[PDB]
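So the structure is just underneath, and the comments pick up after that.
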DNA sequence: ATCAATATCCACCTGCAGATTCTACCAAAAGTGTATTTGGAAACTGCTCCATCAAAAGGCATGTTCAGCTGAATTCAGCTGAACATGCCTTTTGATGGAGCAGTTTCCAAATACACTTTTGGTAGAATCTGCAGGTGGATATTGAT
DNA sequence: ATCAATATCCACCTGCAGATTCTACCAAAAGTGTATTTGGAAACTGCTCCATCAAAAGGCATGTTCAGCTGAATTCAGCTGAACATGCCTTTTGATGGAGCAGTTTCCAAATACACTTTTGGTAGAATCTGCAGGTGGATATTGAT
């Protein structure tokens, strides 16, 4: 089945919740689009590297270690999945 | 000694940085940041000197030290 | 009826979501987004469940930290509403786009 | 007499020092500062001339980039004058604090 | 037969750290004191975190450390925060912190 | 009859191989790896020297100085990405005044 | 099959030392395992670089030592170097 | 004491046979070659370890270039590299 | 707008000296030929673990209304920081010349690799305790209107 | 300065999902006996590095005057938060096929290990040369004023 326009599933209320945990009280209306912008560039960058590991291992399944190595490369070191 | 970094030079640094107008409190704040910088870099560079059982900080010690801090510098050895 | 003034529930929510550690993006929509972004890179590849969970932990983590920095940029401009101008400054200083 | 309006010579200075690549801190006060700081970690240390020049290249570069980010914080707060809070915000966003 | 960990008085495996130093391609040869010293530093830092995390667990009235308590221990200690400044603790949350400017005047 | 000539390169493939074996990177070094790598280093060097030579021409000069190199790195987008955390000694900054700061 | 190692046996040992009443969830054990592996890597590779800068083919407890000095913020470094030297002298008393 | 000096001068004479290069600028090129070498070599090392491989091959160097170079710089790099390896094993 | 009078910028040519480039012979690589050793490509294959489905239910997302109060836009003055002309001194050269000291060899003792042959400590998967998650209702603050 | 209107404490209860313990294996750490190489330990140069020393020229410190920028104080259209009513779609749960990860072997092709042979890149003096730096002369940019 075809996958399209999926960044729109990052709901406006969920972007609000992320901003709350961030400590933000008032949120201008354009933020929700700006946030999705940033989020996509983040995921692209990470998934791109993550898949370069999957391809180098000649595999078809993106493993959690692939993501962990990828985040490490981007200086976003993640604990709690790493082995 | 840190007060030896004169305001006409901190002025020039902000000029190269693109700064048009400068608060008077800047110069003290700038000397503070610069001190934390040399402090961190030199502490590392000298740790490299001591490990190499030397008495002279070599330029490569400063380079390796700057790399550790993510301030990679070209033109002195690496 | 009752009515809380603009801001009171805002602060109620900051207090609430800062006390928690749950993920704030819905699992399925995030998973769809991730599979699309991956699909438009390599074709018919699988995902370990843990790798989508790693992507989501890292992503919510990233965005929440970006909101902290964004908020300080808004306060710094004597405002309380975060705007795109603020995010673009926060990222610019971080190095992420400059 | 003749006199330039406030703001004009500032932009003249920006256009000049961005055109140049010379170091902007006087060499000797800097050297004094470096050995003064190093004395606090190891005593009676000598420095390769290349290492004082490298430390100065690196730190002046650092400060110019910090001033760029500072200037942007000044602008962002509808100002033109950089203040200590601008430096403090720039460093806080960079991770240095 | 005595394990090197007990010979050095450690709970961490000195044999395993020594094996991980050769298989990791860090140096052509590995001295005999390196795995001991390293296993000691790792065991120390593990202890130092576990201490503060157990404390944070007790404060929340819990007997088992969850990722939150680990995040609390890391983020309230200045030096562990510096050491884990670019590290993200999954399921860890943030520290409660509301900017003063935003509070009910 | 060397290896660099066999690969049609100017960079030392033999020396790159020795630096890889001796760098403590892996137990064994494949035979094609140092070739491949020396090729990537030569290419990137060419790309920079090209752009910096244009900065040298454009500045009416014959000898490439650090300034021309920094102009070449920061005015080009992708080399800027690649050396974003590198400081080019004696390099200066790119001329750039924020519009907000200009007369009238 | 196939068996995969971790540090959980040792992290649990040190946990019952500092807080003998508390236990640890597996998600938090994974976070700890991640931390030991991260710091292992940081130390071993900074030490690798030390031995290489000084043209020495061997990483000794001294390389690990200044690696810790370089890499750990103070006081954590002081206390670390202390327990490390302690364990290495005690070791070499056969 | 070694350097990359004569090789940078050679490649300079290919692209710009008319122009020459300052000494400080040659040092900068040297630092650049050493840096890129380090980044690529160590990324390739990690590739090998992550997959429990014992040898660094051109396959690893390649995936290293993909990860490290912002393609399009990477596209041209991978080209220049496979090209030089193909010509090497021909002869 | 320009008219005028500062001062600033900008080429065009200039001549010398600090560096560049080019020559001229030597150890340390690097290429070569042969012999061993082996890392991981190739080929089945057990078998987790992933994609996908169905179904039901209630947790949240969507959209709409209404207005509190925030952000923007404005006016205004005190005052801070720029431009300068002034006056003095600290930085900058420039060898000079002695000396700490980073770099070199060369024995060889101590430390490490290494090749095998036992001897466990660790790990996977049963089995067996036990927090605490996620309901529940009281008491306690906290808000926000009158 | 009151009371309602709600939110947010907290403490208490209790089976179940996620620990903790209890187990045989067996991979790998440990013990021992040679083989290799390691990186100090004295012995001696040559560098670069400190250190005075001693003019000139800058480039800094400092005062004075005010242009104009930063903060404050207002005003207000309207954006964004709070509350709702609706009903969609995410979640939860449990089942099944099968792709493809990952444990085994098997066996060449490709790597390592010597051992000499051969070439190259680095040095340190010899033969150029680009560009700094300084010199007018002419448009340029800036800021006063009918």
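Note: ideal-geometry Cβ built from the backbone for every residue, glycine included; neighbour counts use all protein chains shown. Read-outs: derived from the displayed coordinates by stated rules, not from any lab.
A few remarks follow.
- Calculated FRET value between residue F:50 and residue G:26, using beta carbons and R₀ = 41 Å, to 0.05: 0.15
- For chain H, the Kirkwood estimate of hydrodynamic radius, built from reciprocal distances between every pair of different alpha carbons, is 15.0 Å.
- Going from the fewest other Cβ atoms within 10 Å to the most, the residues E:59, E:77 appear in the order E:59, E:77.
- All alpha carbon pair distances within segment E:4-54 were sorted into 5 Å bins beginning at 0; the resulting P(r) in whole percents reads 5, 22, 26, 20, 14, 9, 4, 1, 0.
- For chain E, the 222 nm mean residue ellipticity estimated from helices alone, with every DSSP H stretch of n ≥ 4 adding -39500 (n - 2.57) and the total spread over all residues, rounds to -16000 deg cm²/dmol.
- Derived from the Cα gyration tensor, the three semi-axes of the equivalent ellipsoid of chain B are 29, 14, 10 Å, largest first.
- Using the Cβ-Cβ distance between residue E:101 and residue E:28 with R0 set to 51 Å, the FRET efficiency works out to roughly 0.35.
- For chain A, relative contact order (Cα pairs under 8 Å, six or more residues apart, normalised by length) works out to 20 percent.
- Separation of alpha-carbon centers, segment A:65-83 and segment F:1-47, rounded to whole Å: 30 Å
- Relative exposure of C:76, C:2, judged by other C-beta atoms within 10 Å (fewest first): C:2, C:76
- Counting every alpha-carbon pair across the protein assembly as shown, the share separated by more than 41 Å comes to 36%.
- At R0 = 22 Å, FRET efficiency that the Cβ-Cβ distance of residue E:2 and residue G:4 yields, to 0.05: 0.25
- In chain D, helical runs assigned H by DSSP with n ≥ 4 each contribute -39500 (n - 2.57); averaged across all residues and rounded to the nearest 500, the mean residue ellipticity at 222 nm is -21500 deg cm²/dmol.
- Neighbour counts of other Cβ atoms within 10 Å put D:79, F:18 in the fewest-to-most order F:18, D:79.
- The relative contact order of chain H, computed from alpha carbon pairs under 8 Å that lie at least 6 residues apart in sequence, is 18 percent.
- With the simple model of a label 7 Å out from the Cα in the direction of the Cβ, residue E:78 to residue D:4 spans 4.5 nm.
- Along its principal axes, chain E has C-alpha extents of 68, 31, 20 angstrom, given from the largest down.
- Chain D: relative contact order in percent, alpha carbon pairs under 8 Å with at least 6 residues between: 18 percent
- Cα gyration tensor, chain D - rounded (a/c under 1.5), prolate or oblate: oblate
- Packing rank of F:33-42, C:51-60, F:94-103, where each peptide gets the mean count of other beta carbons within 10 Å, highest leading: F:33-42, C:51-60, F:94-103
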